[PDB]
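# Coordinate inspection notes
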Amino acid sequence: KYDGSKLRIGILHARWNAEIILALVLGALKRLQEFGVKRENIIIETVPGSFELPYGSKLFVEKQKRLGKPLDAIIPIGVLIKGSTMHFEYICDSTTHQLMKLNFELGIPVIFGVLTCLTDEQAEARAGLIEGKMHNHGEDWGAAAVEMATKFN
Amino acid sequence: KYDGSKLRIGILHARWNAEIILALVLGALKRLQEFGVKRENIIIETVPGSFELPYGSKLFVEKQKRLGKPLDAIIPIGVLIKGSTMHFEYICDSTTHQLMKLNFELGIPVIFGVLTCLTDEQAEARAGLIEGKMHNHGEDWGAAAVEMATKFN
Amino acid sequence: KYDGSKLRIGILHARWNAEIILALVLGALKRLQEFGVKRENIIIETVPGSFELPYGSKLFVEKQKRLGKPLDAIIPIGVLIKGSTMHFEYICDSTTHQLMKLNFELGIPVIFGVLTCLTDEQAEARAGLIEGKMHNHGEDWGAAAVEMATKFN
Amino acid sequence: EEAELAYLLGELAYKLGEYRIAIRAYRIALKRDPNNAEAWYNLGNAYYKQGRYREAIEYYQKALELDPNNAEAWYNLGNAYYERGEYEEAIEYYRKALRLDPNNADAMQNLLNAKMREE
Amino acid sequence: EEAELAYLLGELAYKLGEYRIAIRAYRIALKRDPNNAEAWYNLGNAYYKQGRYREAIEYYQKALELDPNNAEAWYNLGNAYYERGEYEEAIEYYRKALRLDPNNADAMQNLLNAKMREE
Amino acid sequence: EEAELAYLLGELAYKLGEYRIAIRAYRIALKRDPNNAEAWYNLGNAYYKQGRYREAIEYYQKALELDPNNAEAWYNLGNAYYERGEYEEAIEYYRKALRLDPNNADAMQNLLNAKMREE
């Protein structure tokens, strides 16, 4: 339906909770390539975690732009799992607001590639890390980036 | 009371939870037409889901504007049902804030066509999908778009 | 203490939950008139409900301004009662934020004439609809509009 | 039978703005069939339109006895009372209309202003 | 009864400019109630309007037999006679109309010019 | 009798564009006098006008049974069938209308285009 061969899509992702994230990052890449996105047009970089991603993604885009490779769409990826503290609730919220603001501030679609789970099993299922539960949502993020980046042109 | 025959009203909607949404989308269209809105002036397009709609609606408007068909009002439509994760709470909130901001940023009324339900029965009732409960709220959204788009002129 | 005879004060209000609202709207009007506000300088108009008011109030002001009757202060009025869904929490919040932003964006005081009640008895008491409980808060809103509109000049 | 033709004739006259006929045709139709509440409401509307508010009331009240759930009529009745200066009666008729039909936005604003004037 | 409905129907048709109906409805109404002079005058007016001046005369004359004080009809009758070229008859009908109603200024000027033409 | 008044009333309503009345008045008139083919055709025209093409057909067919030489009705019937997508039925009704009235130029062009579409 959509052709992503002309798009530059970046992924900026957390290092923390790598098992879940690497499954999510690849899920998105495989689909982007299925839509024709060239592997060389998929930019994958990391940051420590979820506090960095909400602004890290802008800094990431600015660098790619300066280098002559501005992105058409971005999928910051990371996993928040509720712990004993309330960092989860405050990060989930402010992250979401930054990512929504960035849909206009960066000029490109910003895909919420961040999980807001209470348990590990939920985040793991969302990444398709669990064979019997959910699916790898990274794939939808990938597909969405291609559609959002082409649909509205 | 109001004449919508001169208005362009767009609907951007989620693909996910289609049974509820299609009832909502049609509810709004039927009423818009009852107010005289021409069917050709009702623009209906989709996105995967609720994360796309909060900004997707701007991208949608910009495209319609470039095409020579700027909208007078928009009703993004979608359904959030609380699951086992907290994506519901964070989407409900940021979506609402984006849609309220867009009432000024787009220059047109933006109707909150999004449901924030805890169960399916509640979302289904809101769409009038359940004969014995609520009514199809899509109809109110349709009517509201016509009034908001004419009332304040 | 204050003289409102030179002020234009608008009320934009929800149609839904009219029994409570009409008591609130009149409460404010009676007091505004007691402060000398002329009845012809009190502009009363309606919208379906609480989603419309957060931006509807700007559209309302812009129209009054174009007509040569810009407002000095505004009191959007409406009632939110918690139901089985979470629309109450998300509307209460975004409404409040829009109304606070509008205190600067419109150049005039915006009075939070919106109720955020969990029950009907609470909203009814706040409107002074219940003889034995609270008082008609609409009266305070009216008085506040007069003071805010004169106090800081 | 004859009432239907008389109601159709009056109805056409109402639509066309001719109340002498709309009134006579409905009175005839009603003599033949007195339980037609709609015609009684419309009869009241013809008198109402002519400024004959007391007459309008008589017919609106009859029509309400036959069918009291007609919110529009409750409103129209209150209006006939307001035109006569009967604010207290009139406000109750508008409030009843709104209670029967909460979406009567026009009744909300008109009863609100009427209440201000009622005192 | 039926005549009233028939008169109301014809009346509406007269007002709306439809004489096929205005004529049939009044003829029906008159068959049911032949003494309605107004309807007979109006029937004459329908024929008059259609250019059927002799027919208009027949009905105007019947109507005058029922009520000869209708000055307007006396005038209209004279007009039907003038359209037929019957100036002598026509001038008497206009003069009678003026005598019945001295304020019929239009009859004064029209009978005056008609008299010039009568010879 | 009553049918004439009912036909005159419906007729006036048809001319004025009010089909609720035009339909009820003709149905009443027809109950009183079922052989009035013109009224049956007109009844079909009211339904036709409302987009109620199947109903229009029912009445047009009845009217044709009473008087099948009405070329205009044959045409109108074909049109109701075309609106329903019934091209084969519809083309025969237009062709019959043209055979009855060879001067129906509009039927010629419309049946010609319809034939192209019929296949």
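A chain's residues are numbered here from 1, following its sequence as written, a convention that may not match the entry; residues for which no coordinates exist are omitted. For naming, the first written chain is A and the first written ligand is 1, with later ones following in the order written. These chains belong to a larger assembly; the values given apply solely to the chains on display. The basis for every side-chain value is the complete set of heavy atoms in the structure, and neither hydrogens nor water enter the calculation.

The name given to chain D in the PDB entry is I53_dn5B, with the source organism recorded as synthetic construct.

Labelled according to the PDB entry, chain A appears under the name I53_dn5A, originating from synthetic construct.

### Focus on the overall build of chain D
We apply this condition: Think of it this way: any DSSP run of H or I at least four residues long counts as a helix, any run of E at least two long counts as a strand, and we number them from the N terminus. Only C-alpha atoms enter the radius of gyration; for comparison, a globular chain is expected to reach 2.2 Å times N to the power 0.38, where N is the number of residues.
Of regular secondary structure, chain D possesses seven helices and zero strands. Reading the secondary structure of chain D in the N-to-C direction produces α-α-α-α-α-α-α. Here chain D has a C-alpha radius of gyration of 15 Å; the compact-globule value for 119 residues is 14 Å, and the two agree. In terms of its C-alpha atoms, chain D occupies a principal-axis envelope of roughly 45 × 25 × 20 Å.

### A short note on the overall build of chain A
Keep this limit in mind: Any two residues whose heavy atoms approach within 4.5 Å at even a single point are treated as in contact. We get accessible surface area from the Shrake-Rupley algorithm with a probe of 1.4 Å; when it comes to residues, only the shown protein chains can shield them. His is not counted, nor are the chain ends; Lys and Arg add positive charge and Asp and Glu add negative charge. Here the site of a charge means NZ on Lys, CZ on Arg, CG on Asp, or CD on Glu.
Within chain A, the regular secondary structure consists of five helices and four strands. The order of α-helices and β-strands along chain A, N terminus first, is β-α-β-α-β-α-β-α-α. The C-alpha atoms of chain A give a radius of gyration of 15 Å, which matches the 15 Å a tight globule of 153 residues would have. Dimensions of chain A, computed from the C-alpha atoms along their principal axes, are close to 45 × 35 × 25 Å. A sequence separation of at least 24 residues applies to 75% of the contacts in chain A between residues at least 6 apart. When the accessible area of chain A is evaluated, it comes to approximately 6,900 Å², of which 53% is carbon and sulfur surface. Of note, chain A has its 18 positive side-chain charges centred 7 Å away from the centre of its 18 negative side-chain charges.

### Points about the sheet that holds strand β4 (residues 113–117) of chain C
Residues and elements named next belong to chain C. Here is the rule we go by: Strands are labelled as partners when DSSP assigns at least two bridges between them. Here an axis means a line fitted to C-alpha atoms, over the contact stretch when the element is a helix, while the angle between two N-to-C directions is reported on a 0 to 180 degree scale.
Spatially, the four strands line up as an open sheet ordered β2-β1-β3-β4, and their pairing is parallel. The open sheet has two free edges, formed respectively by β2 (42–47) and β4, since each of these has just one partner strand. With strand direction ignored, the average angle separating the axes of adjacent strands in the sheet is 20°. Here five bridges tie strand β3 (residues 73–81) to β4, and the two strands are oriented parallel to one another. Considered in β4, the bridge of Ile77 is made with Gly113. Its contacts with the sheet put helix α1 (residues 18–34) on β1 (9–14), β2, β3 and β4, and the angle it makes with β3 is roughly 155°.

### Details of the interface of chain B and chain A
Convention followed: Two parts placed together each lose some accessible area under a 1.4 Å probe, and the buried area is that loss summed for both. Salt bridges are defined by distance alone: a side-chain nitrogen of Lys or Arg within 4 Å of a carboxyl oxygen of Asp or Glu. Think of a polar contact as two N or O atoms within 3.5 Å of one another; within protein, one of them needs to be a possible hydrogen donor and the other a possible acceptor, and neighboring residues in sequence only count if both atoms come from side chains. Amino acids are sorted into nonpolar (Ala, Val, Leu, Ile, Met, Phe, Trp, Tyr, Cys and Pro), charged (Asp, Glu, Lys and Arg) and polar (every other residue, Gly among them).
Contacts between the two partners involve 26 residues from chain B and, on the opposite side, 26 residues from chain A. Roughly 2,300 Å² is buried in total at the junction of chain B and chain A, and carbon and sulfur atoms are behind 63% of that figure. When the buried area of chain B at its contact with chain A is split by residue, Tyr55(B), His87(B) and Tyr90(B) rank highest and sum to 28% of it. The interface formed by chain B and chain A contains one salt bridge. Taken together, the links from chain B to chain A amount to nine residue pairs in polar contact. Mapped onto the side of chain B that touches chain A, the elements with two or more residues apiece are β2 (42–47), α2 (53–66) and α3 (87–105) of chain B. If one sorts the elements of the side of chain B that touches chain A by residue count, α3(B) sits on top with nine residues. Across the side of chain B that touches chain A, the residue classes break down as ten nonpolar, eight polar and eight charged.

### Overview of the relation of the copies chain B and chain A
Related by rotation about an axis and a shift along that axis, the two copies of the chain form a pair. Condition: Each copy is laid over the others by a least-squares fit that uses only its C-alpha atoms.
For the pair chain B and chain A, the relating rotation is 72°, the translation along its axis is 0.0 Å, and the fit reaches an RMSD of 0.0 Å. This pairing of chains is accounted for by a five-fold axis. The fraction of interface residues of chain B whose copies in chain A are also interface residues is only 12%, indicating that the copies meet through different surfaces.

### Section: the interface of chain D and chain F
With eight residues of chain D at the contact, the number on the chain F side is eleven residues. Summed over both partners, the interface of chain D with chain F buries about 930 Å², with 79% contributed by carbon and sulfur atoms. Two residues, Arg24(F) and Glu4(D), come together in a salt bridge whose shortest N-O distance is 3.1 Å. In this assembly, chain D and chain F are joined by two residue pairs in polar contact. A breakdown of the residues in the side of chain D that touches chain F according to their chemical character gives five nonpolar, no polar and three charged.

### Some words on helix α1 (residues 2–15) of chain F
Counted only if it meets this: What a helix should span is 1.5 Å times the count of its residues minus one. Think of it in three bands: with a 1.4 Å probe and only protein chains considered, a residue is buried below 20% of the maximum accessible area for its type, exposed above 50%, and partly exposed in between.
Counted at 1.5 Å a residue, the expected span for α1(F) with its 14 residues is 20 Å, and the 20 Å between its end C-alpha atoms agrees. Most of α1(F) sits inside the fold, with ten of its 14 residues counted as buried. For α1(F), the complete set of buried residues consists of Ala3(F), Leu5(F), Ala6(F), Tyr7(F), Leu8(F), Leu9(F), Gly10(F), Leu12(F), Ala13(F) and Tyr14(F). Tucked into the core, α1(F) has its buried residues touching α1 (2–15) of chain D, α1 (2–15) and α2 (19–32) of chain E together with α2 (19–32) and α3 (37–49) of chain F. Phi turns positive, to about 80°, at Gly17(F), one or two residues after α1(F).

### Concerning the sheet that holds strand β3 (residues 73–81) of chain B
All names here are of chain B. The four strands lie next to each other as β2-β1-β3-β4, forming an open sheet whose pairing is parallel. Edge positions in the open sheet fall to β2 and β4 (113–117), since each of these has one partner strand only. Across the sheet, the mean angle from the axis of one strand to that of its neighbour is 20°, orientation sign disregarded. The pairing of strand β1 (residues 9–14) with β2 spans six bridges and is parallel. Within β2, the position partnered with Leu12 by the bridge is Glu45. The strands touched by helix α1 (residues 18–34) are β1, β2, β3 and β4; relative to β3, the strand with the most contacts, the crossing angle is about 155°.

### A word on α2(F)
For an α-helix the count is 3.6 residues per turn, leaving residues at separations of three or four pointing the same way. For α2(F), spanning 14 residues, the distance from its first C-alpha to its last is 19 Å, which sits close to the expected 20 Å at 1.5 Å a residue. Listing the buried residues of α2(F) in full gives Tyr19(F), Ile21(F), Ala22(F), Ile23(F), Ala25(F), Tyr26(F), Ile28(F), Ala29(F) and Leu30(F). Here the buried face of α2(F) lies against α1 of chain D together with α1 and α3 of chain F. In this structure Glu18(F) caps α2(F), since a side-chain oxygen of it lies 2.9 Å from the backbone nitrogen of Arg20(F).

### A short note on the pattern of salt bridges
Enumeration according to the criterion identifies 45 salt bridges over all chains in this entry. The partner of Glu58(D) in a salt bridge is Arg54(D), with the nearest N and O atoms 3.1 Å apart. Of this pair, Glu58(D) and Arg54(D) both sit in helix α4 (residues 53–66), four residues apart, roughly one helical turn. Looking at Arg54(D), the relative accessible area reads 42%, which means it is partly exposed. Between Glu2(F) and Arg32(F) there is a salt bridge, with its nearest N and O atoms 3.2 Å apart. Residue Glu2(F) is found in helix α1, and its partner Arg32(F) is found in helix α2; the two are separated by 30 residues along the sequence.

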